[PDB]
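Q: I need the structure of the sequence given here:
(9 chains, ligands or ions: 5)
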Amino acid sequence: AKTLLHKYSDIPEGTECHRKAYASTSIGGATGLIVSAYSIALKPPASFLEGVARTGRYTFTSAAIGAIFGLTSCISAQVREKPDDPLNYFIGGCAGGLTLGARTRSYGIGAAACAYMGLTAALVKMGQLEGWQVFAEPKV
Amino acid sequence: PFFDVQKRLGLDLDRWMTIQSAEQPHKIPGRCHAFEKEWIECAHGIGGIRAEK
Amino acid sequence: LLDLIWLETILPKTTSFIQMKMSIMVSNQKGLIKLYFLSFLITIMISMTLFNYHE
Amino acid sequence: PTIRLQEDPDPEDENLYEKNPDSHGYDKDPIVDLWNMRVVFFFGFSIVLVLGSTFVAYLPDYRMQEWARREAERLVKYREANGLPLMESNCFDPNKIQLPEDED
Amino acid sequence: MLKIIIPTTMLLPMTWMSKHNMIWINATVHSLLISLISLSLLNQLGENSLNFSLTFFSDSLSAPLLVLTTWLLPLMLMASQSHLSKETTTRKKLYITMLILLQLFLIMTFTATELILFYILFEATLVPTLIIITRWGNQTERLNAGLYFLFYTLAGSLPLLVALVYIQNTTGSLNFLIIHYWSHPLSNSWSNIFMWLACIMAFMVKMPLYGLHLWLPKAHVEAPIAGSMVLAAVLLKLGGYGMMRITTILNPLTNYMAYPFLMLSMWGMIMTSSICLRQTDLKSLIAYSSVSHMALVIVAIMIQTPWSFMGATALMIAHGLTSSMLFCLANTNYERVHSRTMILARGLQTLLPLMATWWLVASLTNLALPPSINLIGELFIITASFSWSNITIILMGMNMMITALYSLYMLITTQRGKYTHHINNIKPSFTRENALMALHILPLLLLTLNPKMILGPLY
Amino acid sequence: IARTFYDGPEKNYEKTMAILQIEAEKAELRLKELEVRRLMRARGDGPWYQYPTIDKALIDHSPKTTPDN
Amino acid sequence: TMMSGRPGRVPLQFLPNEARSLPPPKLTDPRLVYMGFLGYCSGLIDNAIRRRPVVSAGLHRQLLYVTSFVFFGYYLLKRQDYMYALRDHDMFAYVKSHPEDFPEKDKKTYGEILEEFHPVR
Amino acid sequence: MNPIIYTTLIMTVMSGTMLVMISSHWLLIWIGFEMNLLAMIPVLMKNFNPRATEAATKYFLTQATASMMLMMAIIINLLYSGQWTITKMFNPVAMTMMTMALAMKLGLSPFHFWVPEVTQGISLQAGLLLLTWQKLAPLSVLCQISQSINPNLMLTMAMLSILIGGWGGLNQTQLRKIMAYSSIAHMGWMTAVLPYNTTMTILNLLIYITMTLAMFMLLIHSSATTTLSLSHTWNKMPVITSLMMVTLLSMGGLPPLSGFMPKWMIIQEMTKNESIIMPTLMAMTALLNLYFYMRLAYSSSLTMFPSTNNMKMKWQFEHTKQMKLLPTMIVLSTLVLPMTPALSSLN
Amino acid sequence: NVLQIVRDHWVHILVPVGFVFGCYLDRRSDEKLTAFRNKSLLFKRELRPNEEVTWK
Ligand SMILES: CCCCCCCCCCCCCCCCCC(=O)OC[C@H](COP(=O)([O-])OCC(O)COP(=O)([O-])OC[C@@H](COC(=O)CCCCCCCCCCCCCCCCC)OC(=O)CCCCCCCCCCCCCCCCC)OC(=O)CCCCCCCCCCCCCCCCC
Ligand SMILES: CCCCCCCCCCCCCCCCCC(=O)OC[C@H](COP(=O)([O-])OCC(O)COP(=O)([O-])OC[C@@H](COC(=O)CCCCCCCCCCCCCCCCC)OC(=O)CCCCCCCCCCCCCCCCC)OC(=O)CCCCCCCCCCCCCCCCC
Ligand SMILES: CCCCCCCCCCCCCCCCCC(=O)OC[C@H](COP(=O)([O-])OCC(O)COP(=O)([O-])OC[C@@H](COC(=O)CCCCCCCCCCCCCCCCC)OC(=O)CCCCCCCCCCCCCCCCC)OC(=O)CCCCCCCCCCCCCCCCC
Ligand SMILES: CCCCCCCCCCCCCCCCC[C@@H](O)O[C@H](CO[C@H](O)CCCCCCCCCCCCCCC)COP(=O)(O)OCC[N+](C)(C)C
Ligand SMILES: CCCCCCCC/C=C\CCCCCCCC(=O)O[C@H](COC(=O)CCCCCCC/C=C/CCCCCCCC)COP(=O)(O)OCCN
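A: Residues are numbered from 1 along each chain as shown, chains lettered A, B, ... in the order given. Ligands and ions are numbered 1, 2, ... in the order given. See the structure here:
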């Protein structure tokens, strides 16, 4: 659960690239498993083997996205010696988008995923820096 | 939401069964009558926010 | 190249295409109660082991 | 029917000059058309335009610019005669400003 | 200032209570009277604005825009009573109701002292324009034009509401006087950067900016004549007025944050001026000319110097008048020929001499001929930009050259040459069209006589 | 024109003074209200944000057929 | 919901006796005029839907519409004013009761407050 | 169905929801829910056909499952504190059960699947009842236990509801499914502000009920259940089309129309306590609802679709049974924005 | 012949009476902002022997 996000976050950003990549790929694998479960429940695969194939496809794609994102972000933050910079997360997000485009074999999907995933990862980094809240606790 | 008509009219439609220390038949007490009574007395006055601290 | 093609492609046409795809994906259910009741079960398991586990 | 609709034929343009050689291009009925022209001309060119322009041209000097010129004349006269600088660099009195005590 | 608002809300039932053949006369007469009354706000104190009440105030920037709107309504009524002759009485009254409601919302927009009220009216101006465009258009593309016009505005202006409510939660007020007196600098943080973006992008897409201008050609071509007039004359100036009002809170972030918008504005001004040359349509050329002029206004507002502000105000007023006149001139030819192609009807000077003169005057005022207020605004903006950076003069001069080129190109193609030999239904010009042209053009010259009325509050 | 249509500058001056006072008071009151709401929801001791508890009048203080309770 | 539970609050009163110490809204109140205008609009829409002469079909019906809207609006405005007065009263009582959380800070003049200057160039 | 039986079933439905809204005991609330469902099932099947039968079956199955989860939540909360009063509900697992059960009863996503189908399978009167009246009791229970409820769970379902409502409404041509998806999207907005301020929830509920009532009553007036069937009423009752277009604009969230007031107030309330991202997402998503409302308006009044020859015979007849409250609902659905400060009379 | 002309041109007074009503409402709005009349530090001035208000 949220313990996986603790695993990803408790690691200092520009250190231990292998562990951070492992945490990111675990998060991606969990997300892919959830997506595949919903897809099977709502769109039956007509056979057990095809359902397993679809589950494996979704899980592997999501795990690849997570691994590439984490690895690229950590490496870019380490070589530039400048942590706390949204550019690193943007590069990681575009790397994940290129991975998605390669997995689905679509150049346009790849470019769009680069752009949008890089943007959203950059905003996630800025929210981490400035302390933005998605589900803010009631304060008034 | 909660249109409190029992409090307005003084009817007691379903308040007799809410708690454990409220007028059981033949005066049979609940297993935790004293604890619930103590909690209710301390609890009733301050409000919900202070009642948890 | 700029107005009639690319400035149309980036902001409005991309938005229309994405919303079309998502509307199609959401709004194709065969109506069988079995499938989305299974989805309800998946939602129940998720919620109980992703939200209230940490308090 | 080798067609798709029970559709009216597309009407051809109606010329205002055919039934009215002096039309003014406002309406079909000549009297209301002439009066529409008359009111448009009287309230656009006669009332709003000329009277409005002569009203705007004679607005009182609420912008305080002749007043500003007179103020400048008197201040220049007084300052130059006394030997004082024509204009002073500090807009406010330095005595009423409390700068930070030190910068170390 | 209810002495202007209430007469419009009385224009409504008076229009609805008129005889079947007296609606145009009454509407025109009383709208002209209301514009004459609104001409009384030009008396502005040099010190501060006129604060009539807690809700409404008038500034030196608001008064020319108010006068322009009140003067615009009668011209729109005059231009609309040609293609609506076959309409029923109820639909004519509904059209006039839309025009009157648009004027009322515009009047209440330029004088609202509170930013949320300004936003509410600024967005209330969307419903009547949309109804007009999508109900009284002519081609099948009016539906897409209306959808683009609505969604480009809304997708950029919804974040503005969040920004404004957050501002009121933080500072404690949204009244413009309190905002201006209690203004404080904005630090360099991502939160403040997105605050800048939220406050700016709504007015940017209302200008429009070069990258967000795709809705303007569709809306201005597919709308009826009154819709095009009101879009190109006043509805575009809402964004400029909004930035000139909202920029006070933004500094010092704006100096750092204006580089992409300035670059887009300058280069897109060049690009749209070049696009005007290779245009096969007549209304699209005027739409792109509007885009170029409004990009110049964007540059003026963004560099944020007093000379730039005065130039922006003058250019806004001058462009409103000129673009309205050009749209009416194109509409007359469209009514004659029933097509929008430029090269269809040629050599109209030999058939319509007075319209040839009106075309010449409109084109001359479009390319900033001295000493018209168009040139005053353009020159003030150019001088302010030159002070900002000496290299901008290259882009400004190139824009001036291309503007002259496409203006004279349109004038020569539509008016000079030989006639088309097969259009024999070009009737002589009516009195209504000539009167509309004169009422468009005379105020421009009367204003260049006394240019201090339209130079804004920085004068 | 100035005698017939307009007034003196002092009227506008004092009107905008009063308007500024009103708006400043409203701004201060809004900020104070936000702070008061935050404190009263955090603490819970204020009149606002009171959540209902169990009335003590429902308890029965009578012998309970067993000595202890 | 901050004010749903409050001390000494009769459940379904809609107008406590404590609200009679506030000045009632004037009968020429602009909000009441807007309520009457809403009633008139509803009457006109009623006439239009039933395919009747919109302006002058039923005068008694339009009068009833207007008077019903005004009658409800009077009490709605009374309750709204009572609730806002109650909010302000509670706010002032709380700020007085807890002086340490709302201290009176110093009053510096601009002659000694140092604000950084940002040139425009 | 006999009129006495119909009116007593309607009164039993209202009695069940009132029993929910006026009870302090959890058991009485559950009894009110059971009574509401029991008397609500036949109302859907007033006009018998296979579609109505299967709509009633799906509705019954969903509501029975929700009631089972709700009673399990009540029993667990009793287990960890011998209390029956509807209060904080401290226990996290029991609170999760109650929140999910009430979401399933309301139609919030991901439990939103049943609403479009049941709405399409029943008549316009039953659809009106289902979409307006059947939201009061779960919302009342949610408002009572709002402080106890977890923000993350509540927020996630509200955002999902808004997104899925918009995307589903983008596709449908049938009017009843459009109304159902719009109802889901509005439920998202109302449950979004629930943890922060229940007064905004009540205000949004009131305005949504008014708008939905006006829209359904106009749809009943011009007896059309599809887009093309609604495209004919311009040739019979143009005033109805104009009023419907104005109401559809109001539903979209445009200002100066009233519909905007709940959206504006919810954004303002969520901003008071440092929730900036969520209101922005909800507004940009409600743009989709506006889009498909606008498509319906284009089809309905702003254009003129081809008509049929038999409409000439309808031209000669008047609508016999007239809805008395339609004009008031239209006026309250459109022109009530200037009276925003009167929302203080709700707390 | 006052009958027909009045019953056909009674609408030509709505705008003028609206203007008069607007002026009257503006005057009333001015009447509620007299909190600093003859109290501003710039225009503070002793009254004339007969007048009672600096402005209305
Ligand atoms: C308090 C609240 C909590 C409540 C919950 C409490 C639950 C706990 C107690 C439950 C005890 C069970 C008692 C009775 C249950 C009733 C069962 C029933 O009635 O069956 C009807 C139902 C309908 O029967 P039918 O339609 O008449 O006959 C259809 C034909 O048989 C064949 O049909 P077909 O061949 O024509 O169609 C193809 C095939 C399709 O089948 C498939 O394609 C299977 C695909 C699954 C993927 C395989 C995994 C591969 C990767 C795994 C990775 C693991 C992590 C490692 C890291 C990454 C490495 C990759 O069938 C389907 O289309 C249906 C799909 C259903 C599959 C199983 C459903 C489980 C939940 C839904 C999620 C699906 C899993 C996705 C992946 C999730 C992660 C693993 O039967 C079935 O759906 C299949 C048989 C089910 C038997 C097992 C049921 C027990 C499990 C229940 C779920 C609860 C979780 C269990 C414990 C969890 C820990 C807490
Ligand atoms: C706001 C004002 C106005 C703005 C509006 C206007 C501007 C915006 C709109 C225009 C830009 C949008 C283009 C982006 C991608 C769209 C392509 C597309 O639709 O995909 C589906 C489309 C068709 O979909 P499909 O059905 O799956 O494929 C069927 C194909 O027919 C089958 O094709 P094929 O298999 O026969 O052959 C294709 C294949 C074989 O390749 C070729 O055939 C020809 C080679 C083309 C790409 C190879 C790269 C070498 C050329 C790049 C040279 C430098 C670029 C300029 C920098 C100058 C430096 C001073 O291509 C590749 O394999 C290349 C893979 C990846 C290479 C791309 C990396 C280069 C990016 C440039 C970096 C610049 C950094 C910043 C520097 C500037 C600042 C100082 O795919 C393509 O065919 C084209 C893909 C390759 C085009 C790359 C062009 C990118 C230009 C720079 C992008 C940066 C701007 C965006 C920022 C965020 C992105 C990170
Ligand atoms: C902010 C300031 C105030 C502004 C507030 C907003 C405006 C006012 C409030 C609105 C509600 C009031 C009226 C609405 C219901 C009226 C129903 C209607 O259809 O009217 C037709 C009716 C004409 O029918 P008729 O005379 O029986 O015979 C012809 C047949 O009806 C033949 O009829 P037909 O059915 O055969 O005609 C077909 C037509 C029939 O369809 C229609 O006529 C459309 C009906 C309007 C929609 C109602 C919307 C509900 C209210 C929401 C307003 C939204 C405001 C926000 C801004 C956005 C605008 C959308 O359908 C079409 O043509 C389809 C074209 C599609 C166009 C799409 C536009 C539709 C929406 C436009 C709404 C504009 C706002 C309302 C303005 C007034 C319009 C009457 O008009 C009237 O005669 C009454 C109008 C009001 C009279 C005011 C008089 C006041 C008292 C007189 C003296 C004044 C003071 C004296 C004292 C002086 C001191 C001494
Ligand atoms: C079609 C036209 C539509 C409108 C276009 C609007 C343009 C909006 C773009 C915003 C301009 C600037 C935004 C942020 C300001 C600085 C950007 C960056 O270049 O500065 C560097 C920042 O380093 C990195 O570049 C950060 C940005 C990297 C991630 C952002 C994504 C940018 C890629 C392009 C995305 C596409 C944008 C348009 C979407 C459609 C300097 O580093 P540093 O001085 O230490 O930090 C500056 C910020 N501080 C001071 C608040 C801390
Ligand atoms: C025609 C289409 C045009 C589309 C334009 C849309 C983009 C508008 C720009 C962003 C709008 C949202 C910004 C939020 C509004 C202001 C809120 C604010 O100022 O608060 C910020 C919050 O800032 C944010 O949350 C921003 C999150 C952004 C999420 C949505 C991003 C939308 C797309 C991003 C890129 C768009 C920008 C450029 C687009 C150019 C046009 C294509 C500070 O948070 P605090 O609670 O005060 O805490 C700080 C102290 N601890």
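Q: Return the list of helices and strands in contact with the longest helix along chain E.
A: As assigned by DSSP state H, the longest helix anywhere in chain E is helix E:306-337. In terms of contacts (3 or more C-beta pairs under 8 Å, 6 or more residues apart in numbering or on different chains; DSSP states H and E), helix E:306-337 is packed against helix E:62-80, helix E:225-230, helix E:237-250, helix E:283-303, helix E:353-366, helix E:373-388, helix E:431-449. Placement of C-beta: from N, CA and C, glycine included.
Q: what's the most buried one of those?
A: helix E:225-230 (a mean of 28; mean count of other C-beta atoms under 10 Å in any protein chain shown).
Q: Same list (the helices and strands packed on helix E:306-337) but as CSV, adding distance to residue C:27.
A: Output for these, formatted as CSV (distance: least, C-beta to C-beta, whole Å):
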stretch, distance to residue C:27
helix E:62-80, 42
helix E:225-230, 35
helix E:237-250, 37
helix E:283-303, 37
helix E:353-366, 50
helix E:373-388, 51
helix E:431-449, 50
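Q: For the ones you listed, please prepare a markdown table with the additional fields distance to chain H.
A: Below are the helices and strands packed on helix E:306-337 laid out as a markdown table (distance: least, C-beta to the nearest C-beta, whole Å):
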| stretch | distance to chain H |
| --- | --- |
| helix E:62-80 | 18 |
| helix E:225-230 | 14 |
| helix E:237-250 | 15 |
| helix E:283-303 | 22 |
| helix E:353-366 | 33 |
| helix E:373-388 | 32 |
| helix E:431-449 | 28 |
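Q: Tell me where chain I has strands.
A: Applying DSSP state E to chain I gives no strands.
Q: can you tell me which helix in it is longest?
A: Criterion DSSP H: the longest helix present in chain I is helix I:14-31.
Q: okay, it in CSV with CA atoms only?
A: The C-alpha trace of helix I:14-31 is given here as CSV (Å, rounded to 0.1, in the frame of the first residue of the first chain):
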residue,chain,number,x,y,z
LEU,I,14,-39.2,54.2,-20.7
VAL,I,15,-35.6,55.2,-21.3
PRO,I,16,-36.0,58.8,-20.0
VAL,I,17,-37.8,57.8,-16.8
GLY,I,18,-35.1,55.1,-16.4
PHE,I,19,-32.5,57.8,-16.7
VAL,I,20,-34.2,59.9,-14.1
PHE,I,21,-34.6,56.9,-11.8
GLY,I,22,-30.9,56.2,-12.2
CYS,I,23,-30.0,59.7,-11.3
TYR,I,24,-32.2,59.5,-8.2
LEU,I,25,-30.7,56.1,-7.2
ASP,I,26,-27.2,57.6,-7.6
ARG,I,27,-28.1,60.4,-5.3
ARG,I,28,-29.3,58.0,-2.7
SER,I,29,-26.1,56.0,-3.1
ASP,I,30,-24.2,59.2,-2.5
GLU,I,31,-26.3,59.9,0.6
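Q: List the buried residues of it.
A: Using 16 or more other C-beta atoms under 10 Å in any protein chain shown as the test for burial, helix I:14-31 gives I:14, I:15, I:18, I:19, I:22, I:25, I:26, I:29, I:30.
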